[PDB]
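Structural description and commentary
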Amino acid sequence: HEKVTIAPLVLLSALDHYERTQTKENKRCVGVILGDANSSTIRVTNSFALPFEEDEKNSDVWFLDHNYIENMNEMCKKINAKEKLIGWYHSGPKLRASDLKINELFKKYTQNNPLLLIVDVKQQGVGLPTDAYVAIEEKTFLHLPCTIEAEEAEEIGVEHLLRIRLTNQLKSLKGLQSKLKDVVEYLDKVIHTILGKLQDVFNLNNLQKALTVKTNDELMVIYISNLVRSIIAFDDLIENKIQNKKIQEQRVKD
Amino acid sequence: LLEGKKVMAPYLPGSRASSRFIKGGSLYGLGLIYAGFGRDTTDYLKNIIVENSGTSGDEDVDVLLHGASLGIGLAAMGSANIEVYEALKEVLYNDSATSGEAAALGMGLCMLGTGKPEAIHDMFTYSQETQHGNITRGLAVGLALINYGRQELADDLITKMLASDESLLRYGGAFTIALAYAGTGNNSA
Amino acid sequence: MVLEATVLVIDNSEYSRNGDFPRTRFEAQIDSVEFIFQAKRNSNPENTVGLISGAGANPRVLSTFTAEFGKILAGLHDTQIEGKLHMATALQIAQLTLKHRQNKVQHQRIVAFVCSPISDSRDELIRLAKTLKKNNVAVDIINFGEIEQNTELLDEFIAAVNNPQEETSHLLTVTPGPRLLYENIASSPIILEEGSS
Amino acid sequence: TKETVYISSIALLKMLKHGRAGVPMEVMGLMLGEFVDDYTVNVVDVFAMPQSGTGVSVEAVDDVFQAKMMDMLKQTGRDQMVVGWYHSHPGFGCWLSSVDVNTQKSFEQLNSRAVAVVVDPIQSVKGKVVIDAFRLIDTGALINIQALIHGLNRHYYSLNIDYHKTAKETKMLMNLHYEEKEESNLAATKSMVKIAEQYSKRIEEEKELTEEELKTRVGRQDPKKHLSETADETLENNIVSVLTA
């Protein structure tokens with residue numbers, strides 16, 4: 001569907017919000033997110049703290065004002081027209097039924113169904129400390145995957161930060177970790193049919209056929225250059241370097 | 001070891017000065033001769049420090065504090081005087097980038113030695129705690145100081161300083177590692 | 001007079017759905033509000049009020065903190081008319097509301113229509129009343145109930161909130177007949193008289 | 001004289017992201033931070049003046065908007081000192097404007113001191129950052145001293161930049177690049193489809209080389225160059241093609 005761009009600026013700021021707000025896990029610092037949502041890839045330009053109150057002692061009890069967004073967008077629009085409201089964020093890390101109320105408030109203010117944003121203010125788990133949800137509805141809400149863009153100007157300052165293969169595997173466990181547990185969770189949580197829906201694609205393995213072995217067929221030619229890869233290495237430098245040395249070492253006139 | 005005080009006398013505090021920093025200048029300037037021998041005047045000036053320690057945020061004073069906060073540990077260096085540490089520790093904590101800096105030195109100078117890990121904690125705390133470039137900076141130097149020949153000892157704070165996000169701790173870490181391992185090469189170091 | 005923040009609690013509910021005097025209760029609520037709020041902003045300019053939904057199956061703010069018409073603006077649109085008590089929650093929201101009340105030295109105030117049969121528990125009710133008095137909220141209530149809503153929480157509550165009256169709570173329980181709310185409460189120290197504490 | 005400017009890169013990127021579109025005009029607006037003793041210039045935040053169709057101008061600064069935000073920001077808990085000026089000066093090592101100075105200058109009145117932060121949104125793009133801060137006048141100096149008391153101070157006069165963030169965002173920032181498992185091996189298992197081309201690629205890699213090698217017998221299409229380069233890329237994918245099984 002509309003799965004979205006992610007703005008580090010947002011992400012950072014939202015955490016400084018979290019920081020600034022002195023928010024603890026008792027709370028989730030919330031606020032507007034900005035972008036333009038029309039495309040099958042929504043973009044997140046920006047995002048804004050909505051000064052807020054959250055109480056899960058009584059869930060539906062919590063406080064927020066729109067008049068921010070009122071005053072906000074005006075300036076924001078005046079700042080940039082592309083800022084048009086795409087949705088909103090919060091801290092998280094995880095959902096609370098208070099959300100849905102919060103959710104639909106923005107539906108007043110959004111073109112499409114507005115966007116939740118989970119953050120992990122502790123940035124703990126994985127790729128993203130983040131989720132973004134959109135109500136669907138029997139309610140639905142849903143996370144489409146998202147990611148960062150360039151934002152190179154960001155990436156440039158980002159370049160001032162940091163400083164091939166393996167990781168690709170490294171999630172090998174993750175879902176599989178919780179997964180069977182997740183079963184045994186629900187298994188011994190209730191001790192749904194979706195799970196059985198998950199099931200049949202398990203057989204989708206031990207599948208391997210001679211069809212497999214055709215791999216090496218391919219893998220054969222794959223290796224042809226392995227010499228040639230280094231054959232030119234196998235050729236040039238120290239030939240010439242010796243020459244160059246023979247030049248240089250014989251240079252040595254006076 | 002006599003004249004220098006009288007040398008500083010016209011520029012000593014109470015002899016006034018044209019500049020309070022000129023006036024502050026003698027303070028540090030004094031111990032230059034008297035290092036280790038000026039403790040009295042030092043502590044005396046430290047009294048003037050202690051006098052203005054818990055107060056007197058005049059830059060002019062802060063210099064008069066700092067320049068004194070300078071020369072204090074200067075003569076107090078290697079001599080363990082908690083007051084030197086302490087009196088500075090306020091002047092330190094008084095958070096004058098002017099003044100509090102010298103504290104981050106003299107306190108190191110006082111306990112220069114194996115010192116005490118508490119000041120280290122303090123310093124290292126004040127490091128992460130206190131918000132300043134310099135005031136935060138000179139701490140590790142003081143940390144570098146009172147970790148002296150301790151070698152294996154400071155490795156924690158070293159490691160801590162090493163593990164620091166901030167240059168400053170890493171920075172002084174080497175100096176710490178130095179005063180620990182200076183002279184004899186510790187290869188690993 | 002008043003420098004304090006207020007909240008308007010509207011139930012649009014089994015009573016508000018149903019005209020208690022023209023044109024509906026829920027409508028009778030309306031201009032009484034502005035009437036009130038006028039005198040509220042006449043109490044002082046900067047006197048702020050909230051507006052929430054105690055109505056329907058969803059509690060929520062309708063008009064947030066402000067100080068002029070933007071409420072009268074906000075209140076302009078409807079509600080669930082037959083809706084049901086969020087009061088406790090709504091109040092507990094109205095409390096948290098006032099916890100964010102703008103440019104404090106504004107004391108906390110709340111004004112509450114009762115358009116609902118009023119289902120809640122006394123302790124919770126008084127925990128509110130406590131929490132209010134704790135938070136130090138001014139609490140005055142608009143109630144015309146069946147019978148009325150009274151000999152009940154609402155009666156304990158205004159008491160239970162209240163060590164000092166208008167620093168905590170005053171009550172009026174709205175009567176039937178050609179009783180114009182704004183005309184009625186013109187009497188009660190929900191408005192006028194002494195206005196804040 | 002040697003002075004310390006500090007940014008939360010948020011405010012940086014905010015400027016940037018705002019300055020990145022800023023062209024033609026400089027992006028303008030508040031800068032949020034403080035002064036810790038001397039030397040210490042922090043920026044926690046910053047934000048746009050809403051565009052001035054007249055362009056960057058001292059009039060264009062609106063203190064309502066700030067108040068608006070700063071309120072909502074104070075509402076956010078967001079609060080700082082307005083620490084100076086920041087703008088986007090495309091293609092400009094330059095200097096900003098005597099105006100821009102006068103802009104800051106009439107403004108830095110509002111402070112003990114302020115900044116006018118140059119950004120070349122153009123040449124910031126290098127992957128390094130182009131950026132600067134003027135504030136042209138001194139006490140004496142780090143204490144420069146003469147040109148003020150002797151009057152007529154007109155110069156570039158930068159301040160000295162820095163900034164600080166955290167390892168916190170840093171990790172999350174390094175988190176840029178369900179996810180990878182969905183995203184990698186296994187999403188790019190897409191490899192065997194084109195083996196015929198993966199041959200043919202390699203098969204075309206072939207011819208290019210004797211040709212290239214031939215020249216071994218300056219100016220170029222070098223006999224030795226592409227040869228390796230040509231194939232070598234394939235290898236990694238050519239390699240990993242296996243892995244998923």
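What counts and what doesn't
Counting starts from 1 on each chain and follows the sequence as written, independent of the entry's numbering; residues without coordinates are not shown. The naming scheme follows written order: chains are lettered A onward, ligands numbered 1 onward. All reported values concern the displayed chains, which form part of a larger assembly. Hydrogen atoms and water are omitted, and side-chain values are computed over all heavy atoms in the structure. Residues with missing side-chain atoms are left out of burial classes, side-chain pairs and their counts. UniProt positions are given in the numbering used here, feature names are shortened, and annotations may be inferred rather than shown by experiment. Helix and strand definitions here come from DSSP, where helices need a minimum of 4 consecutive H or I residues and strands a minimum of 2 consecutive E residues; each element is numbered from the N-terminal end. Think of it in three bands: residues with accessible area under 20% of the maximum for their type are buried, residues over 50% are exposed, and the middle band is partly exposed, with areas taken using a 1.4 Å probe on protein chains only. Contacts were defined at the residue level, with two residues in contact if any of their heavy atoms lie within 4.5 Å. By convention, the term buried area covers the 1.4 Å-probe accessible surface removed from two parts as they join, with the contributions of both added. Take a side-chain nitrogen of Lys or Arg and a carboxyl oxygen of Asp or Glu: if they are within 4 Å of each other, that pair is a salt bridge. Two N or O atoms count as a polar contact when they lie within 3.5 Å, although within protein this holds only if one can serve as hydrogen donor and the other as acceptor, and sequence-adjacent residues are included solely when both atoms are side-chain atoms. Any residue that is not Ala, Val, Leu, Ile, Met, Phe, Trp, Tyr, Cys, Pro, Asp, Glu, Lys or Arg is counted as polar, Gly included; the first ten are nonpolar and the last four charged.

Header annotation of the entry names cryo-EM as the structure determination method and lists the resolution as 4.6 Å.

**Things to note about the UniProt feature "binding site: Zn(2+)" in chain D**
Residue and element names in this part refer to chain D. The sites that UniProt annotates as "binding site: Zn(2+)" are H87, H89 and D100. Turning to its location among the elements, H89 is positioned in the loop between β5 (85–86) and α3 (98–108). For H89, a relative accessible area of 1% corresponds to the buried category. The contacts of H89, once residues within four sequence positions are left out, are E26, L96, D100, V118, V119, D120 and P121. Positionally, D100 belongs in helix α3. Those residues in contact with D100 that lie beyond four places of it in its chain are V56, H89 and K105.

**A short note on the interface of chain D and chain A**
Taken residue by residue, the interface counts 65 residues in chain D and 69 residues in chain A. Of the roughly 6,000 Å² buried between chain D and chain A, counting both surfaces, carbon and sulfur atoms make up 63%. When the area that chain D buries against chain A is broken down by residue, the three leading residues are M72(D), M172(D) and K181(D), summing to 11%. Taken together, chain D and chain A are joined by three salt bridges. Note that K174(A) and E179(D) form a salt bridge whose closest N and O atoms lie 3.3 Å from each other. Joining chain D to chain A, the criterion identifies 20 residue pairs in polar contact. Sorting elements by how many residues they give to the side of chain D that touches chain A places helix α8 (residues 225–240) of chain D first, with 11 residues. For the side of chain D that touches chain A, the residue count by class is 28 nonpolar, 16 polar and 21 charged.

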